[PDB]
Each structure stands twice: as structure tokens, then as C-alpha cells.
Amino acid sequence: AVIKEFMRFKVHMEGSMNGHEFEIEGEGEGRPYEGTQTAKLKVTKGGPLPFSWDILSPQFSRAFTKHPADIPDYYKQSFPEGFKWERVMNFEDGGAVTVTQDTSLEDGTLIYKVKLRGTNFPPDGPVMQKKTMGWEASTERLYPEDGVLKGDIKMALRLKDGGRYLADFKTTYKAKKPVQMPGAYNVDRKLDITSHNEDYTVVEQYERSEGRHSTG
Numbered sequence: 402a403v404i405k406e407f408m409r410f411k412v413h414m415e416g417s418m419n420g421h422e423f424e425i426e427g428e429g430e431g432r433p434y435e436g437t438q439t440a441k442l443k444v445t446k447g448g449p450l451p452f453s454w455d456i457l458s459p460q461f462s463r464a465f466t467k468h469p470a471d472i473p474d475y476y477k478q479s480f481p482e483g484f485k486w487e488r489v490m491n492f493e494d495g496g497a498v499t500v501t502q503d504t505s506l507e508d509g510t511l512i513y514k515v516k517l518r519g520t521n522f523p524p525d526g527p528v529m530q531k532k533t534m535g536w537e538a539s540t541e542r543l544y545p546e547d548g549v550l551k552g553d554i555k556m557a558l559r560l561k562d563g564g565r566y567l568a569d570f571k572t573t574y575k576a577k578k579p580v581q582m583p584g585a586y587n588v589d590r591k592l593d594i595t596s597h598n599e600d601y602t603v604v605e606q607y608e609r610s611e612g613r614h615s616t617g
């Protein structure tokens with residue numbers, strides 16, 4: 402009831418990558434039951450970023466995933482209070498990122514607060530040299546544990562040279578009130594940068610995601 406067929410969000414991120422501090426502010430919109438959303442982000446401090454935007458893009462919205470009727474939606478049920486999440490991203494070349502997020506609702510608008518710390522990225526690696534070209538489509542394997550939902554993703558960034566750059570994502574999602582827990586299930590997702598200015602200080606992105614049962 403609280404999550405309408407069309408919803409907007411506002412987001413603020415404070416982060417650091419290999420010690421370079423930055424801030425991002427943005428706004429987004431989408432269709433939570435259709436699984437689609439777009440966001441427009443601006444770098445407000447530390448721009449232009451000396452690293453790939455692709456590290457940031459998965460940190461900007463779990464209310465917007467399409468679910469079949471028989472899978473309870475952990476995220477939508479958590480409103481109006483909302484949910485938190487905490488993530489580690491471990492990259493194949495030793496780069497590591499921790500992210501924490503709070504999702505709440507104010508005056509009918511979703512409010513996202515993100516903190517990000519990335520370290521140990523090789524100075525000549527694809528992240529610090531901006532050689533990545535977006536994420537491959539992915540499948541997050543979600544499972545319940547003790548009132549929280551945990552997710553694992555094998556993620557891959559495309560490289561400008563045609564190669565790939567792999568990461569493991571581990572996330573815990575925590576509703577702020579009791580909800581009906583789903584069984585373990587999968588979320589298929591595609592995230593794309595759809596526009597940007599020359600130095601990626603203004604960036605638009607789009608995500609489509611849909612939950613489904615595992616086939617085994």
C-alpha cells in the first residue's frame with residue numbers, strides 16, 4: 402500500500418576510494434512492481450572521480466524489484482519504516498569495498514543514505530585507470546537467515562580491451578520491522594549507465610530486476 406506503482410527516491414553517498422574522498426547526491430524514479438528504475442547522480446565533492454563509476458553504480462534500490470505473486474517481497478513489506486543493507490565487494494585483483502545503506506521513507510519519497518569505503522585497488526588496475534565498461538547481467542542468490550535476507554552475487558565488469566574483471570558481492574539486507582520471509586530465490590538484474598557528462602560528474606543509470614524461483 403505504501404509502495405505505489407510509481408515512486409521516487411533521493412540519495413546521498415559519502416565515500417572514499419584508495420583514500421580519495423567524494424560525495425554524490427541524486428534522485429531517481431521508477432515502477433516498483435514492474436522492476437524498473439532510473440537515477441540521475443551528481444558528484445558534489447571529490448569530482449571528477451579518479452576511479453570507475455561502475456564501482457558506485459550498484460550502491461544507488463531494493464524496493465524496485467518485480468516479484469512473482471508467490472514470493473513475499475521482503476523489501477516492499479518493510480515500509481514505511483524501511484530497511485538497511487551492508488555489503489562487501491571483493492574484486493579479483495585485491496580491491497575491496499565495504500558499503501552500508503539506510504532506506505527510509507519521508508513525505509512519500511524514498512530516502513537512501515550510503516557510506517562507501519574502497520581500499521587496496523591496484524594503482525594501474527581497471528578501476529583506478531577507468532578501464533571498465535559496465536556490469537554484465539547478474540543473478541543475486543538471496544536466502545533468509547534469522548529475519549534477515551542475505552545475498553551472494555558473482556559479478557563481472559566488462560573491460561575496454563574485451564576482457565572481464567570479476568567480483569564477489571556479499572550483502573545482508575535487514576528490515577526495520579517484522580515481515581513475511583521469502584524462501585531462498587534469485588534476482589536477475591541488468592544495470593546500465595545510460596548517459597553521462599564528459600567527466601562522469603553527472604551520470605544517469607537504469608536498472609531492471611526481477612525475482613524468480615531457482616530451477617536447481
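Per my numbering: the sequence shown = residues 402 to 617.
Built from N, CA and C at the ideal position, the CB exists for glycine as well.
For this session: Could you check the C-alpha separation between residue 621 and residue 563 for me, to the nearest Å?
Result: Summary: the structure shown does not reach residue 621, with the chain confined to residues 402 through 617, and so no result is reported for it.
Exercise. Are the beta-carbon atoms belonging to residue 443 and residue 603 less than 8 angstroms from one another?
Worked result: Closer than 8 angstroms, so yes.
For this session: Please go through the region 461-514 and give each complete alpha helix (DSSP H) segment of 4 or more residues, from N-terminal end onward.
Result: Counting whole runs of 4 or more residues, the region 461-514 contains the alpha helix (DSSP H) stretches 475-478.
Exercise. Distance, Cα to Cα, residue 558 vs residue 548?
Worked result: Between the alpha carbons of residue 558 and residue 548 lies a distance of about 31 angstroms.
Exercise. Considering only the beta carbon of each residue, do residue 509 and residue 465 sit closer than 8 angstroms?
Worked result: Not in contact: residue 509 and residue 465 (Cβ atoms no closer than 8 angstroms).
For this session: Enumerate in chain order the residues of its own chain whose CB-to-CB distance from residue 417 is below 6 angstroms, with the five nearest sequence positions on each side excluded.
Result: Once the five neighbours on either side are set aside, the close Cβ partners of residue 417 are 518.
Exercise. CA-CA distance, residue 421 and residue 461?
Worked result: One C-alpha to the other measures close to 19 angstroms.
Problem set entry | Span separating the alpha-carbon of residue 567 from that of residue 493 | In this structure, the straight-line span from the alpha carbon of residue 567 to that of residue 493 is close to 6 angstroms.
Exercise. On the three-state DSSP scale, how would you describe residue 433?
Worked result: If DSSP states are grouped into helix, strand and coil, residue 433 belongs with coil.
For this session: Taking residue 583 as the reference, give the member of 469, 507, 436 and 474 with the closest Cα.
Result: The shortest Cα separation from residue 583 among 469, 507, 436 and 474 belongs to 474.
Exercise. Is residue 606 closer than 8 angstroms to residue 439 when the C-beta atoms are compared?
Worked result: The answer is yes: Cβ separation under 8 angstroms.
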